[PDB]
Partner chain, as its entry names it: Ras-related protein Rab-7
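As a starting point, one isolated chain is supplied in structure tokens, in the form solved without the partner chain.
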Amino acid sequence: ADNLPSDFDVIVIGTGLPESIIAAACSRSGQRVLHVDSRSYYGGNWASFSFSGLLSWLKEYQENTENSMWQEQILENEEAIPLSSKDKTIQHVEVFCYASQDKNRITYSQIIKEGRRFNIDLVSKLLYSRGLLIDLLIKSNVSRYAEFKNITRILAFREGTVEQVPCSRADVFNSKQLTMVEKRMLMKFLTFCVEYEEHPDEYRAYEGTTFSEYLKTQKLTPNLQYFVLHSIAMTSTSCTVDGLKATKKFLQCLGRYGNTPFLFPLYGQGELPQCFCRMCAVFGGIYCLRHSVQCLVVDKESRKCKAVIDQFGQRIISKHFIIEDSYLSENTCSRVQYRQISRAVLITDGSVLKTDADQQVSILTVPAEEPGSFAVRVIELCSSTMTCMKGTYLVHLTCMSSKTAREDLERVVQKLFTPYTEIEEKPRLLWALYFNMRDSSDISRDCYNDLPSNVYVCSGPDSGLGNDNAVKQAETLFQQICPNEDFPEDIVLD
């Protein structure tokens, strides 16, 4: 790492999902790539953390130096672009420890003791049965480095009660809550959504109204309306043709691997980036964690980045440079408008919908109420997902933020759980974590100030449930870097 080659075709800085994918693409493509990261772990803001790993991570965002030595290396006819030297993507880190230390009661020391049985993701996302990422995983066989599990249920919270949403043919049948009549309406309508394109004039008139005002006219009880609106379509304003496109994707994903549209990587979403990084390595990619880059060496004349200088003072030459947003100076991004993602990671002692088969990954959606409020999606993980110890559940909440993560998600959390106490019906909350992550997705490359043409920028996560955004920018980037190039048993299940 302190004696890297001086020549590379492309240098990737950051190991988030997008950068990793693009890193793999270029390695499989014959390009010599150098992939470095400042963190001492893989994943950037997509990273997974053990409990100890999480505590350290949040600790460095609760605490808060001149070292410009690379300057004597900047040739006369060259210019330099300093990179960021401290990450400023996480904010408003708030923590609560309800467990007894900081019927089979779990204590804080228990979690500490079992800390490696955890794999808390900074990013809360489910894999779609049939999405860009899943295919890519298969087509690249990167999926080989990962096992998956099916989300066994979709849920809805109404009238202060959590219930399961019927969304498959089999579900509707067994359901003993949908009046005989409803089972027909739903089954009928859903069969329509998958083919909403086949009936252009069955909604045409509504191609200019709320997808919720539309569903009001259709042959659906109000009950079934809520379901299609929030639970299936999962759309917050949403255009009529929007809920349809949504529900269509949901329904075309249902069945492929299970009674739901979604999968969840075993051990957490944090594993995905590392999978692509492995392929990258497989094809000659050179890796360096805990290896920061000081600046980009722009050519005074041609105005293109020609190399970089790392912490070891090494000057590394490359043809292309991909840099995750985070590694850019507050200057380079003075013009960039960002968004913020509110996040919550709870550890609980019970499922939101108690059942006999308690080992299951479900997903709930709480519809906003306030104008500027957004839709909060809570994804509950059982210990079998390999992201938390036995006896507990790791519950993730997400949403585009209005205020601080805690102000955005606290209400929902207080409606779904109750803080653990010695005052020994909803699950018990043993440890909550709130924080805001920067959303640098969907930002025009020209918004960054003075970056050469051969320097590309990857974003961090996005509030979207799936990873289509990460795959898209990577393929977009692969277009510009390796023109006219190209990006088989399916996955494995638990």
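Residue numbers count along the first chain shown, from 1.
Beyond what is shown, the protein has a form deposited with the partner chain bound; the following relates to that form.
Interface membership of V282, the partner chain in the deposited bound form, 4.5 Å heavy atom rule: Yes, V282 sits close enough to the partner chain in the deposited bound form that at least one of its heavy atoms falls within 4.5 Å.
Heavy atom of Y327 within 4.5 Å of the partner chain in the deposited bound form: No, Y327 stays farther than 4.5 Å from the partner chain in the deposited bound form.
4.5 angstroms heavy atom contact with the partner chain in the deposited bound form for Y42: Yes, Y42 sits close enough to the partner chain in the deposited bound form that at least one of its heavy atoms falls within 4.5 Å.
Residue contact check: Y108 to the partner chain in the deposited bound form, 4.5 Å heavy atom: No, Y108 sits far enough from the partner chain in the deposited bound form that none of its heavy atoms falls within 4.5 Å.
Partner-proximal stretch of 396 to 404, 380 to 388, 199 to 207, 69 to 77 relative to the partner chain in the deposited bound form, 4.5 angstroms, heavy atom: It is the stretch 380 to 388.
Contact residue in the deposited bound form, chosen from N119, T240, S362, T365 - any heavy atom within 4.5 Å of the partner chain: Checked against the cut-off, the match is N119.
The single option of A307, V352, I134, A99 touching the partner chain in the deposited bound form, heavy atom within 4.5 Å: For this set of options, the contacting one is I134.
Sequence-ordered list of residues in 273 to 296 near the partner chain in the deposited bound form, where near means a heavy atom within 4.5 Å: If the 4.5 Å heavy-atom criterion is applied to the partner chain in the deposited bound form, 273 to 296 yields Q274, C277, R278, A281, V282, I286, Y287, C288, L289, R290.
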